[PDB]
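For reference, the structure discussed in these notes is given below.
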Amino acid sequence: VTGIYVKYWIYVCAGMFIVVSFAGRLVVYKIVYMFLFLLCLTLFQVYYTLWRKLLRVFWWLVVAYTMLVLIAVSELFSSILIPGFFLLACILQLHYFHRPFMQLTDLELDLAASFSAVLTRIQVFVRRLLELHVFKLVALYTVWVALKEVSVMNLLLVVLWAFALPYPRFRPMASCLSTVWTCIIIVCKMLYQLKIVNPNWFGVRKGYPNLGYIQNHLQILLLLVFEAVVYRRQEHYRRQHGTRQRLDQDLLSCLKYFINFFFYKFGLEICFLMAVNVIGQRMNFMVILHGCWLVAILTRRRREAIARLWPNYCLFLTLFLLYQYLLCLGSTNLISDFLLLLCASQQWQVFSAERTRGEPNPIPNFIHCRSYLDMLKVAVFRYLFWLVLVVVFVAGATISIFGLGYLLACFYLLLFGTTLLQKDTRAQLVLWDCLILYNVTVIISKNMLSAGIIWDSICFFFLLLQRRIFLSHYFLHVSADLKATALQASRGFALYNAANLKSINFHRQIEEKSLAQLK
């Protein structure tokens, strides 16, 4: 208990600074003290050496605050309980928790196993997803900036995020510099709430309540500081304390080999899917140019020429995003377009990972006999190639103002699916590319009207999934079934002939016995 009472210092101080607002109007009394304290904590964290080594600055800030507030000054019973207890909690830390909470941060009934293992593994996955939470901080930053209320030059901070997203030379330096620029933006935000207003690059919204007009920037710089705290805890956990082949034992190892590499050879597919959702949601000629370049970057075949266009993909993203935000300035569609740029940035990052029969060999074993692969592995590998025609048909249901062509297409496919696997993969991929092209025509065609987007997008999604299947040497042994089932049919026909001959000569003898009985 003494560790929990001697370590919980910085978060409780930030809680005092967060609940220490609204003791008067916009002055140096309540809010500006907490703003300067959060800015001092930001300078201590981003100065890369005062993460826990500015106890002189902490004690001197407590000393200056208590000295000015105690030698300077129903309404006089909570402010002395606010800042009086602020100085009292600073001195109570100086007597209890300024030595222990700052010295330990140096650099020199069986739920307990699930609790500790989940804590350590959630910390590890939270670091690997704290790169992704720098991305999610960009996400919530824009989703509060351009989707709820415009912050203090929100275009500038979201633009810092915007060129921070695709570039790894920016990311470690520009992450801390973005925390510093968001802290300076919060300083300029709380310095803009003055009372001399005398009542397009400022947007002074005249913040009334003096608490709500900072939380979209205070929580933003605080999320960047939570990322900085995760980086510091990453350094601390580094100083202290599935395989691509071992997935074939159970479904949890499949989930481990999935979660480690969920975007690895899946990425550009989900990129195109998010592009499809963006084109569906945006409804603009900007989305028409977006879909023109997206379908053009689909129009070449492999994962190699498009891999050369993928730095050019990041190039048109960086050419598009800032101009789009400033042109809307002087949307939520732009927020999900930034999410699309985030997925494309992730792909542009991890494309060239050259660090790292065969697995095709246990697969004809793995079409009937597995621990738990086959129940899902060939339900994927066989019982989706028909289900795609079901979702083609329901896309032709809802609304088919012209969807009859893909009804006739799934008619041809529904007749020809037994033998289209029996084609070789060249013509298979030819006809699949033809089919996905004739799909992605119609979405941009339904963008040229100035509903029914989701079923076409889901059809497209399953089409990318089967394209991954139809390349794969994992699928070749499911395809090897079809040569056998094409060959052995006449033997089964002769088996039905022999079985019904057995039935007829089973019934003739019964009738002979009954006629003998009657005679």
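According to the entry's author numbering, the sequence shown holds residues 578 to 650, 684 to 718, 784 to 874, 910 to 951, 965 to 1053, 1091 to 1116, 1134 to 1175, 1177 to 1228, 1278 to 1346 in order. Here a beta-carbon is modelled for each residue, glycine too, at the ideal position from N, C-alpha and C.
Query	Result
Can you tell me the Cα-Cα spacing of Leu996 and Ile1281, whole angstroms?	11 Å
Between the Cα of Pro1137 and the Cα atoms of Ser1306, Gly917, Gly990, which residue gives the shortest distance?	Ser1306
If we call anything under 8 Å between Cβ atoms a contact, is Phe621 one with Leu1102?	no
Put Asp1283 into one of helix, strand or coil per three-state DSSP.	helix
Looking at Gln972 and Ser1105, is the spacing between their C-beta atoms short of 8 Å?	no
Roughly how many angstroms lie between the CA atoms of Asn1093 and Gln1004, to the nearest whole one?	7 Å
Under 8 Å, do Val999 and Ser789 count as touching if we go by C-beta distance?	no
Would you decide whether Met1226 is buried or exposed? Buried here means 16 or more other CB atoms lie within 10 Å of its CB.	exposed
Quick check: what's the CA-CA separation for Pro874 versus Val604?	20 Å
Report yes if the C-beta distance between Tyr867 and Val834 is below 8 Å; otherwise report no.	no
Using 10 angstroms around the beta-carbon of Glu945, count the other beta-carbons present and answer buried if the total reaches 16, otherwise exposed.	exposed
Report, in whole angstroms, the separation of the C-beta atoms of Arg949 and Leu717, which I expect to be a contact under 8 Å.	7 Å
Opposite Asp785 in the DSSP bridges: which residues?	In DSSP, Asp785 forms no bridge with anything.
Count the other CB atoms, across all protein chains shown, that sit within 10 Å of the CB of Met611; report buried if there are 16 or more and exposed otherwise.	buried
Residues in its own chain within less than 6 Å of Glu992 by CB, not counting five upstream and five downstream?	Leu1291
Between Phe984, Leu812, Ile871, which has its C-alpha nearest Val940's C-alpha?	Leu812
Do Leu704 and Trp636 have their C-beta atoms closer together than 8 Å?	yes
Give the straight-line distance between the Cα atoms of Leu1153 and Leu970, rounded to the nearest whole angstrom.	13 Å
Contact between the region 917-931 and the region 690-709: three or more CB pairs below 8 Å?	no
Alpha carbon to alpha carbon, what distance is there between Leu1050 and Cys590?	41 Å
Please tell me whether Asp1097 and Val1157 are closer than 8 Å, where the distance is taken between their beta carbons.	no
Do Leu840 and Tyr816 have their beta-carbon atoms positioned less than 8 Å apart in this structure?	no
If contact is defined by three or more beta carbon pairs under 8 Å, each pair taking one atom from either stretch, is the region 1191-1200 in contact with the region 1333-1344?	no
So, for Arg1204: in the same chain, excluding its five sequence neighbours on each side, which residues have a beta-carbon less than 6 Å away from its beta-carbon?	none
Among all the DSSP beta bridges, which residues are the ones paired with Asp971?	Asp973
What number of angstroms, rounded off, separates the C-alpha of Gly1279 from the C-alpha of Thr1175?	6 Å
Taking the C-alpha atoms as reference points, what is the distance between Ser1341 and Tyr1323?	27 Å
Roughly how many angstroms separate the alpha carbons of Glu937 and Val801, rounded to a whole number?	10 Å
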